[PDB]
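entry.txt follows (compact mmCIF, N, CA and C atoms and all ligand atoms):
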```txt
# COMPACT_ATOMS: atom_id res chain seq x y z
N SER A 1 41.20 67.91 138.43
CA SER A 1 42.66 67.91 138.61
C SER A 1 43.20 66.47 138.79
N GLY A 2 44.50 66.30 138.58
CA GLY A 2 45.15 64.99 138.69
C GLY A 2 46.27 64.81 137.69
N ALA A 3 47.30 64.06 138.07
CA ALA A 3 48.46 63.82 137.19
C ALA A 3 49.00 62.37 137.30
N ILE A 4 49.84 61.93 136.33
CA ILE A 4 50.49 60.61 136.36
C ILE A 4 51.97 60.87 136.63
N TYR A 5 52.54 60.13 137.56
CA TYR A 5 53.94 60.26 137.93
C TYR A 5 54.67 58.96 137.60
N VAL A 6 55.55 58.98 136.58
CA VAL A 6 56.33 57.82 136.15
C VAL A 6 57.80 58.23 135.96
N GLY A 7 58.69 57.68 136.80
CA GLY A 7 60.10 58.04 136.76
C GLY A 7 60.27 59.51 137.06
N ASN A 8 61.08 60.23 136.26
CA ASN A 8 61.25 61.67 136.48
C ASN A 8 60.28 62.50 135.63
N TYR A 9 59.08 61.97 135.39
CA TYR A 9 58.07 62.64 134.57
C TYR A 9 56.74 62.85 135.30
N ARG A 10 56.05 63.93 134.93
CA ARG A 10 54.73 64.27 135.45
C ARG A 10 53.85 64.49 134.22
N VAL A 11 52.75 63.74 134.08
CA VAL A 11 51.86 63.88 132.93
C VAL A 11 50.59 64.58 133.37
N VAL A 12 50.21 65.68 132.74
CA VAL A 12 49.01 66.43 133.13
C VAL A 12 48.20 66.82 131.89
N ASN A 13 46.91 67.25 132.07
CA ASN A 13 46.15 67.85 130.96
C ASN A 13 46.89 69.14 130.59
N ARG A 14 47.17 69.36 129.30
CA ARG A 14 47.84 70.58 128.85
C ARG A 14 47.07 71.85 129.28
N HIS A 15 45.72 71.86 129.21
CA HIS A 15 44.95 73.06 129.62
C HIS A 15 45.03 73.38 131.12
N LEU A 16 45.51 72.43 131.92
CA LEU A 16 45.64 72.60 133.36
C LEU A 16 47.11 72.73 133.84
N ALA A 17 48.09 72.72 132.92
CA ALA A 17 49.51 72.83 133.29
C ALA A 17 49.80 74.15 134.03
N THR A 18 50.74 74.10 134.97
CA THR A 18 51.12 75.26 135.79
C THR A 18 52.36 76.00 135.20
N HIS A 19 52.84 77.09 135.87
CA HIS A 19 54.05 77.79 135.46
C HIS A 19 55.25 76.85 135.60
N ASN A 20 55.31 76.09 136.71
CA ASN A 20 56.38 75.13 136.95
C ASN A 20 56.42 74.06 135.87
N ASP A 21 55.26 73.53 135.46
CA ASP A 21 55.16 72.52 134.37
C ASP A 21 55.76 73.08 133.09
N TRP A 22 55.39 74.30 132.72
CA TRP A 22 55.92 74.93 131.51
C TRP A 22 57.43 75.27 131.62
N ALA A 23 57.93 75.60 132.82
CA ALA A 23 59.35 75.93 133.01
C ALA A 23 60.28 74.69 133.02
N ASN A 24 59.70 73.51 133.22
CA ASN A 24 60.41 72.23 133.20
C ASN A 24 59.79 71.31 132.12
N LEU A 25 59.36 71.90 130.99
CA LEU A 25 58.71 71.23 129.88
C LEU A 25 59.60 70.20 129.19
N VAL A 26 59.05 68.98 128.95
CA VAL A 26 59.70 67.91 128.21
C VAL A 26 59.03 67.78 126.81
N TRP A 27 57.70 67.72 126.78
CA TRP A 27 56.91 67.57 125.56
C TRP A 27 55.48 68.05 125.82
N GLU A 28 54.83 68.59 124.82
CA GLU A 28 53.43 69.01 124.91
C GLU A 28 52.78 68.87 123.52
N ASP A 29 51.49 68.54 123.49
CA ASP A 29 50.71 68.39 122.26
C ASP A 29 49.27 68.90 122.47
N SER A 30 48.93 70.06 121.85
CA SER A 30 47.59 70.67 121.94
C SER A 30 46.53 69.77 121.34
N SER A 31 46.86 69.08 120.22
CA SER A 31 45.88 68.21 119.58
C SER A 31 45.49 67.04 120.51
N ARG A 32 46.32 66.68 121.51
CA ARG A 32 46.02 65.57 122.45
C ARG A 32 45.62 66.05 123.85
N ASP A 33 45.74 67.38 124.14
CA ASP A 33 45.52 68.01 125.44
C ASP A 33 46.49 67.39 126.47
N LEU A 34 47.76 67.09 126.08
CA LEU A 34 48.77 66.51 126.99
C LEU A 34 50.02 67.39 127.16
N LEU A 35 50.57 67.41 128.36
CA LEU A 35 51.82 68.09 128.65
C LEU A 35 52.61 67.23 129.64
N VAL A 36 53.92 67.07 129.40
CA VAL A 36 54.80 66.31 130.29
C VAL A 36 55.91 67.22 130.80
N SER A 37 56.08 67.29 132.13
CA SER A 37 57.15 68.08 132.74
C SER A 37 58.08 67.18 133.58
N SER A 38 59.33 67.64 133.79
CA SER A 38 60.31 66.90 134.57
C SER A 38 60.10 67.09 136.07
N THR A 39 60.55 66.13 136.90
CA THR A 39 60.38 66.22 138.35
C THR A 39 61.65 65.79 139.07
N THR A 40 61.87 66.33 140.26
CA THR A 40 63.03 65.95 141.06
C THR A 40 62.81 64.59 141.73
N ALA A 41 61.60 64.36 142.28
CA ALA A 41 61.30 63.08 142.92
C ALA A 41 60.93 62.01 141.88
N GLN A 42 61.12 60.74 142.25
CA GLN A 42 60.83 59.58 141.40
C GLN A 42 59.36 59.17 141.49
N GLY A 43 58.80 58.75 140.36
CA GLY A 43 57.41 58.31 140.24
C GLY A 43 57.30 56.80 140.13
N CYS A 44 56.23 56.24 140.68
CA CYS A 44 56.06 54.79 140.70
C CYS A 44 54.83 54.26 139.97
N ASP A 45 54.14 55.11 139.19
CA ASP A 45 52.98 54.63 138.43
C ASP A 45 53.47 53.75 137.29
N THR A 46 52.72 52.71 136.97
CA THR A 46 53.06 51.82 135.87
C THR A 46 52.17 52.16 134.68
N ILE A 47 52.75 52.45 133.51
CA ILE A 47 51.94 52.70 132.32
C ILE A 47 51.59 51.35 131.67
N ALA A 48 50.35 51.16 131.25
CA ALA A 48 49.94 49.94 130.55
C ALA A 48 50.49 49.98 129.12
N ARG A 49 50.87 48.83 128.60
CA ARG A 49 51.32 48.66 127.23
C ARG A 49 50.44 47.54 126.71
N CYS A 50 49.25 47.91 126.16
CA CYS A 50 48.22 46.93 125.80
C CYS A 50 47.18 47.54 124.83
N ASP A 51 46.15 46.75 124.44
CA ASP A 51 45.05 47.30 123.65
C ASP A 51 43.70 47.10 124.36
N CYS A 52 43.69 47.07 125.71
CA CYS A 52 42.49 46.94 126.54
C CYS A 52 41.42 47.94 126.14
N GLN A 53 40.17 47.52 126.19
CA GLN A 53 39.00 48.37 125.98
C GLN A 53 38.05 48.37 127.19
N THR A 54 38.52 47.90 128.36
CA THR A 54 37.76 47.89 129.62
C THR A 54 38.74 48.34 130.71
N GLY A 55 38.23 49.08 131.67
CA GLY A 55 39.04 49.58 132.77
C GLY A 55 38.19 50.23 133.84
N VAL A 56 38.83 51.00 134.74
CA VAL A 56 38.19 51.72 135.85
C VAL A 56 38.75 53.13 135.91
N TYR A 57 37.87 54.15 136.01
CA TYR A 57 38.35 55.53 136.12
C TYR A 57 37.89 56.21 137.41
N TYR A 58 38.66 57.17 137.92
CA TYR A 58 38.27 57.90 139.13
C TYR A 58 37.48 59.16 138.74
N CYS A 59 36.30 59.33 139.34
CA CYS A 59 35.44 60.48 139.07
C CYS A 59 35.33 61.35 140.34
N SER A 60 36.12 62.47 140.41
CA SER A 60 36.14 63.31 141.60
C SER A 60 34.80 63.95 141.92
N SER A 61 33.99 64.33 140.90
CA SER A 61 32.66 64.93 141.13
C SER A 61 31.67 63.97 141.80
N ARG A 62 32.03 62.68 141.92
CA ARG A 62 31.20 61.70 142.62
C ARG A 62 31.98 60.98 143.75
N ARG A 63 33.30 61.29 143.93
CA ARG A 63 34.20 60.63 144.88
C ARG A 63 34.10 59.09 144.71
N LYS A 64 34.07 58.64 143.43
CA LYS A 64 33.86 57.22 143.15
C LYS A 64 34.66 56.73 141.93
N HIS A 65 35.02 55.44 141.93
CA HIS A 65 35.64 54.83 140.75
C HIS A 65 34.51 54.10 139.98
N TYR A 66 34.55 54.12 138.65
CA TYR A 66 33.53 53.47 137.84
C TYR A 66 34.17 52.54 136.80
N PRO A 67 33.60 51.34 136.61
CA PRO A 67 34.10 50.45 135.53
C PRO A 67 33.48 50.87 134.17
N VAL A 68 34.28 50.89 133.09
CA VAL A 68 33.79 51.31 131.78
C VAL A 68 34.35 50.48 130.64
N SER A 69 33.61 50.45 129.52
CA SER A 69 34.08 49.94 128.24
C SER A 69 34.41 51.23 127.49
N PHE A 70 35.54 51.26 126.78
CA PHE A 70 35.96 52.49 126.11
C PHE A 70 36.42 52.21 124.67
N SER A 71 36.33 53.22 123.77
CA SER A 71 36.71 53.02 122.38
C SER A 71 38.24 53.06 122.17
N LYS A 72 38.76 52.62 121.01
CA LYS A 72 40.21 52.69 120.73
C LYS A 72 40.61 54.16 120.43
N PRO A 73 41.86 54.60 120.73
CA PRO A 73 42.22 56.00 120.50
C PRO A 73 41.98 56.48 119.08
N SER A 74 41.34 57.64 118.96
CA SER A 74 40.99 58.17 117.64
C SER A 74 40.79 59.70 117.65
N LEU A 75 40.61 60.30 116.45
CA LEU A 75 40.38 61.73 116.27
C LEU A 75 38.90 61.93 116.50
N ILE A 76 38.53 62.73 117.50
CA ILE A 76 37.14 62.99 117.81
C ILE A 76 36.93 64.49 117.93
N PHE A 77 35.86 65.03 117.30
CA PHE A 77 35.57 66.47 117.39
C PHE A 77 35.17 66.90 118.82
N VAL A 78 35.74 68.01 119.30
CA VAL A 78 35.50 68.57 120.63
C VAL A 78 35.06 70.02 120.48
N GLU A 79 33.86 70.34 121.01
CA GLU A 79 33.24 71.67 121.04
C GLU A 79 34.19 72.73 121.59
N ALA A 80 34.11 73.97 121.07
CA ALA A 80 34.98 75.07 121.53
C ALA A 80 34.90 75.30 123.04
N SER A 81 35.99 75.76 123.64
CA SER A 81 36.07 76.03 125.07
C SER A 81 36.96 77.27 125.34
N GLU A 82 37.11 77.67 126.61
CA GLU A 82 37.97 78.79 126.97
C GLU A 82 39.48 78.49 126.76
N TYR A 83 39.85 77.19 126.60
CA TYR A 83 41.22 76.72 126.42
C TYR A 83 41.56 76.45 124.95
N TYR A 84 40.60 75.98 124.16
CA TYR A 84 40.85 75.67 122.75
C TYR A 84 39.71 76.11 121.85
N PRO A 85 39.99 76.42 120.57
CA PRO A 85 38.86 76.61 119.63
C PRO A 85 38.25 75.22 119.30
N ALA A 86 37.14 75.18 118.55
CA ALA A 86 36.51 73.91 118.15
C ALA A 86 37.51 73.13 117.25
N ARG A 87 37.76 71.84 117.55
CA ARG A 87 38.78 71.08 116.80
C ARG A 87 38.62 69.55 116.94
N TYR A 88 39.43 68.75 116.20
CA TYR A 88 39.47 67.31 116.43
C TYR A 88 40.61 67.08 117.42
N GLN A 89 40.36 66.33 118.50
CA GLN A 89 41.39 66.00 119.47
C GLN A 89 41.82 64.58 119.11
N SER A 90 43.13 64.34 118.97
CA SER A 90 43.62 63.01 118.62
C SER A 90 43.93 62.17 119.86
N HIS A 91 44.01 60.84 119.65
CA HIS A 91 44.34 59.86 120.69
C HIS A 91 43.28 59.86 121.82
N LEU A 92 42.01 60.12 121.46
CA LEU A 92 40.91 60.23 122.43
C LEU A 92 40.07 58.96 122.45
N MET A 93 39.69 58.50 123.65
CA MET A 93 38.86 57.30 123.86
C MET A 93 37.57 57.68 124.61
N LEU A 94 36.40 57.22 124.13
CA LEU A 94 35.14 57.55 124.82
C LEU A 94 34.51 56.35 125.51
N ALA A 95 33.82 56.64 126.61
CA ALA A 95 33.05 55.68 127.38
C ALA A 95 31.72 56.32 127.82
N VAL A 96 30.71 55.50 128.09
CA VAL A 96 29.44 55.97 128.63
C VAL A 96 29.67 56.11 130.14
N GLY A 97 29.56 57.33 130.65
CA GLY A 97 29.79 57.59 132.06
C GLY A 97 29.76 59.06 132.41
N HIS A 98 29.73 59.34 133.71
CA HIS A 98 29.68 60.69 134.22
C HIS A 98 31.05 61.38 134.31
N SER A 99 31.07 62.67 133.96
CA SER A 99 32.24 63.54 134.06
C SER A 99 31.78 65.03 134.07
N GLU A 100 32.51 65.89 134.80
CA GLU A 100 32.30 67.32 134.93
C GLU A 100 33.68 68.01 134.69
N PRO A 101 33.78 69.30 134.27
CA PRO A 101 35.11 69.85 133.91
C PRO A 101 36.25 69.60 134.91
N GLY A 102 35.94 69.72 136.20
CA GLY A 102 36.88 69.45 137.29
C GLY A 102 37.33 68.01 137.44
N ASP A 103 36.73 67.09 136.68
CA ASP A 103 37.11 65.68 136.66
C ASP A 103 38.34 65.41 135.80
N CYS A 104 38.79 66.38 134.96
CA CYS A 104 39.99 66.18 134.12
C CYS A 104 41.19 65.80 135.01
N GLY A 105 42.04 64.89 134.57
CA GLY A 105 43.18 64.46 135.39
C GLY A 105 42.93 63.15 136.13
N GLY A 106 41.67 62.75 136.27
CA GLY A 106 41.33 61.46 136.88
C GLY A 106 41.90 60.31 136.03
N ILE A 107 42.54 59.35 136.68
CA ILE A 107 43.20 58.27 135.99
C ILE A 107 42.23 57.17 135.55
N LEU A 108 42.47 56.60 134.36
CA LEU A 108 41.77 55.43 133.82
C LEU A 108 42.83 54.31 133.88
N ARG A 109 42.48 53.15 134.48
CA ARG A 109 43.43 52.05 134.66
C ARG A 109 42.80 50.72 134.23
N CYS A 110 43.60 49.83 133.66
CA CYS A 110 43.20 48.45 133.34
C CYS A 110 44.09 47.55 134.23
N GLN A 111 44.00 46.22 134.10
CA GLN A 111 44.84 45.30 134.89
C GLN A 111 46.37 45.51 134.65
N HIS A 112 46.76 46.08 133.50
CA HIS A 112 48.19 46.28 133.19
C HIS A 112 48.77 47.61 133.69
N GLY A 113 47.91 48.52 134.16
CA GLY A 113 48.38 49.81 134.64
C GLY A 113 47.60 51.02 134.13
N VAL A 114 48.24 52.20 134.18
CA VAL A 114 47.65 53.45 133.75
C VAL A 114 47.43 53.50 132.23
N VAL A 115 46.17 53.77 131.81
CA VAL A 115 45.80 53.86 130.39
C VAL A 115 45.79 55.32 129.90
N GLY A 116 45.22 56.20 130.70
CA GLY A 116 45.10 57.60 130.32
C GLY A 116 44.48 58.44 131.40
N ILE A 117 44.16 59.69 131.05
CA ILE A 117 43.54 60.60 132.02
C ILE A 117 42.26 61.24 131.45
N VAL A 118 41.24 61.58 132.31
CA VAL A 118 40.04 62.26 131.82
C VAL A 118 40.46 63.58 131.12
N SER A 119 39.90 63.86 129.95
CA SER A 119 40.24 65.06 129.20
C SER A 119 39.02 65.81 128.65
N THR A 120 37.91 65.09 128.35
CA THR A 120 36.67 65.72 127.82
C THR A 120 35.42 65.07 128.46
N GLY A 121 34.25 65.67 128.25
CA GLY A 121 33.00 65.11 128.72
C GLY A 121 31.78 65.91 128.32
N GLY A 122 30.62 65.31 128.53
CA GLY A 122 29.34 65.93 128.21
C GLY A 122 28.36 64.94 127.61
N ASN A 123 27.06 65.20 127.77
CA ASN A 123 25.99 64.33 127.25
C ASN A 123 26.05 62.88 127.75
N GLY A 124 26.57 62.66 128.95
CA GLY A 124 26.70 61.32 129.49
C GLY A 124 27.83 60.51 128.88
N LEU A 125 28.82 61.18 128.27
CA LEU A 125 29.99 60.53 127.69
C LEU A 125 31.25 61.14 128.31
N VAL A 126 32.24 60.31 128.67
CA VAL A 126 33.50 60.79 129.21
C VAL A 126 34.64 60.46 128.22
N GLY A 127 35.54 61.42 127.99
CA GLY A 127 36.69 61.20 127.12
C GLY A 127 38.02 61.12 127.85
N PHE A 128 38.89 60.17 127.45
CA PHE A 128 40.20 59.98 128.09
C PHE A 128 41.35 60.17 127.09
N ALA A 129 42.36 60.96 127.47
CA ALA A 129 43.56 61.14 126.66
C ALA A 129 44.45 59.89 126.88
N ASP A 130 44.63 59.07 125.86
CA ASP A 130 45.46 57.87 125.95
C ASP A 130 46.93 58.22 126.16
N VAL A 131 47.66 57.40 126.96
CA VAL A 131 49.11 57.59 127.15
C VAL A 131 49.94 56.31 126.83
N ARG A 132 49.28 55.19 126.49
CA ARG A 132 49.94 53.90 126.27
C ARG A 132 50.97 53.87 125.12
N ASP A 133 50.86 54.79 124.15
CA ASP A 133 51.79 54.84 123.03
C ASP A 133 53.08 55.60 123.35
N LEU A 134 53.11 56.36 124.46
CA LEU A 134 54.27 57.16 124.84
C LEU A 134 55.29 56.27 125.51
N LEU A 135 56.01 55.46 124.69
CA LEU A 135 56.98 54.47 125.19
C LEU A 135 58.14 55.10 125.96
N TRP A 136 58.52 56.34 125.60
CA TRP A 136 59.63 57.07 126.22
C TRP A 136 59.41 57.41 127.69
N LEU A 137 58.16 57.34 128.19
CA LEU A 137 57.88 57.61 129.59
C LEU A 137 58.62 56.65 130.54
N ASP A 138 59.00 55.45 130.05
CA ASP A 138 59.69 54.41 130.82
C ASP A 138 61.20 54.39 130.65
N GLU A 139 61.80 55.45 130.09
CA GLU A 139 63.26 55.50 129.88
C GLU A 139 63.77 56.95 129.86
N1 LIG B 1 40.12 68.44 126.07
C1 LIG B 1 39.44 69.57 125.96
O1 LIG B 1 39.50 70.29 124.96
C2 LIG B 1 38.57 69.94 127.16
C3 LIG B 1 39.03 71.27 127.79
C4 LIG B 1 38.12 71.71 128.94
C5 LIG B 1 36.66 71.70 128.53
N2 LIG B 1 36.29 70.39 127.96
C6 LIG B 1 35.33 69.58 128.45
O2 LIG B 1 34.94 68.59 127.84
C7 LIG B 1 34.74 69.98 129.80
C8 LIG B 1 33.61 69.09 130.27
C9 LIG B 1 32.29 69.53 130.20
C10 LIG B 1 31.29 68.75 130.74
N3 LIG B 1 31.50 67.57 131.34
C11 LIG B 1 32.77 67.14 131.40
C12 LIG B 1 33.83 67.86 130.88
CL1 LIG B 1 35.44 67.23 131.02
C13 LIG B 1 37.09 70.03 126.79
ZN ZN B 2 45.45 46.74 129.60
```
Written as structure tokens, that's how I'd like the structure from this file.
Ligand SMILES: NC(=O)[C@H]1CCCN(C(=O)Cc2ccncc2Cl)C1
Ligand SMILES: [Zn+2]
Amino acid sequence: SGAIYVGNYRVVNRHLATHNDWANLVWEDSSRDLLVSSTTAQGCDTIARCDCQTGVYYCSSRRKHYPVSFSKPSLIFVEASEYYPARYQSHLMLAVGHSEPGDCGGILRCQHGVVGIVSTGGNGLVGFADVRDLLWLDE
């Protein structure tokens, strides 16, 4: 679990969105596993606007932050699950590191701010849904 709060927006994994998230829906994309809902309170997270390939992510299954090198956002095949059939997920970045299903929502950050959130994992690889291209989050 975990979300990004920027201005009047809440960014979450689409497979983990709540009834409230869907009732205050701004945008959602199944191919990216992302959903954005509106909020009454103001958010203070800073989104990075960069092409960084190094950062730090929070891993709840270990109660620890880990430094990682990660790939540029791309279409990567993701094995079937209870939330989606087998498909290519777009805007996905991979790193060598630990992750478990409950780790989704953990933030990945570089020196410029929030890069993305944990979205996939397995075989000693963790996947992050990139958010740096969503320029509208800041307006
Ligand atoms: N983005 C998706 O389609 C995910 C939906 C939930 C299931 N997905 C996983 O990868 C779950 C997983 C398994 C083992 N270790 C880490 C993780 Cl995050 C895929
Ligand atoms: Zn950066």
Up to 12 Å from (55.8, 64.1, 132.0) in the file's coordinates: name the residues, counting only C-alpha atoms, as a PyMOL selection string. chain A and resi 3-14+17+21-22+24-29+34-40+42-43+45+131+134-139
What residues of the protein or nucleic acid chains come within 6 Å of ligand LIG 1 (chain B) when you use only C-alpha atoms and all ligand atoms? Reply as a compact mmCIF listing (two decimals) with N, CA and C atoms, in the frame of the given file.
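Final output, saved to part-v5.txt:
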```txt
# COMPACT_ATOMS: atom_id res chain seq x y z
N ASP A 33 45.74 67.38 124.14
CA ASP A 33 45.52 68.01 125.44
C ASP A 33 46.49 67.39 126.47
N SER A 81 35.99 75.76 123.64
CA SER A 81 36.07 76.03 125.07
C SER A 81 36.96 77.27 125.34
N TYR A 84 40.60 75.98 124.16
CA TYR A 84 40.85 75.67 122.75
C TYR A 84 39.71 76.11 121.85
N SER A 99 31.07 62.67 133.96
CA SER A 99 32.24 63.54 134.06
C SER A 99 31.78 65.03 134.07
N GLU A 100 32.51 65.89 134.80
CA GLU A 100 32.30 67.32 134.93
C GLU A 100 33.68 68.01 134.69
N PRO A 101 33.78 69.30 134.27
CA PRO A 101 35.11 69.85 133.91
C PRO A 101 36.25 69.60 134.91
N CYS A 104 38.79 66.38 134.96
CA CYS A 104 39.99 66.18 134.12
C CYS A 104 41.19 65.80 135.01
N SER A 119 39.90 63.86 129.95
CA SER A 119 40.24 65.06 129.20
C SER A 119 39.02 65.81 128.65
N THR A 120 37.91 65.09 128.35
CA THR A 120 36.67 65.72 127.82
C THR A 120 35.42 65.07 128.46
N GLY A 121 34.25 65.67 128.25
CA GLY A 121 33.00 65.11 128.72
C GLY A 121 31.78 65.91 128.32
N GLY A 122 30.62 65.31 128.53
CA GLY A 122 29.34 65.93 128.21
C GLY A 122 28.36 64.94 127.61
```
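Here atom CA of residue 72 of chain A and atom C of residue 55 of chain A stand 13.5 Å from one another.
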Give the residues close to ligand ZN 2 (chain B), within 5 Å, counting only N, CA and C atoms and all ligand atoms; write them as number ranges by chain. A: 50, 52, 110-112
Would you mind listing what lies within 12 Å of residue 64 of chain A as a VMD selection string, with only C-alpha atoms counted and same-chain residues fewer than 5 positions away left out? chain A and resid 56 to 59 97 to 99 103 106 to 107
Spatial neighbours of residue 129 of chain A, max dist 6.5 Å, only N, CA and C atoms, sep filter under 2 positions, as an MDAnalysis selection string: chainID A and resid 32 91:93 115:120 127 131
Could you give me, as a PyMOL selection string, each residue of chain A that DSSP assigns to strand (DSSP E or B) when run on this structure's backbone? chain A and resi 4-13+25-29+34-44+47+54-59+64-69+74-78+87-96+107-110+113-122+125-130
Determine the nearest neighbour of residue 54 of chain A from the options A:18, A:123, A:31, A:109, counting all atoms listed in the file. A:109
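Selecting by distance to (39.8, 62.9, 117.7) with a limit of 8 Å and using all atoms listed in the file, one obtains residues 31, 73, 74, 75, 76, 77, 78, 87, 88, 89, 90, 91, 92 and 93 of chain A.
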Atom-to-atom span, atom C of residue 108 of chain A and atom CA of residue 16 of chain A, Å: 18.5 Å
Enumerate as a PyMOL selection string all residues of segment 8-84 of chain A assigned to helix (DSSP H, G or I) by DSSP on the backbone, naming them with the chain letters and numbers the document uses. chain A and resi 14-16+19-23+60-62
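The two atoms in question, atom C of residue 105 of chain A and atom N of residue 60 of chain A, are spaced 8.1 Å apart.
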Find the smallest box with edges along x, y and z containing every listed atom of segment 38-48 of chain A, then add 6 Å on each side and report centre and edge lengths in Å to one decimal, as lines of an AutoDock Vina configuration file.
```
center_x = 56.5
center_y = 58.8
center_z = 136.0
size_x = 25.1
size_y = 29.7
size_z = 25.8
```
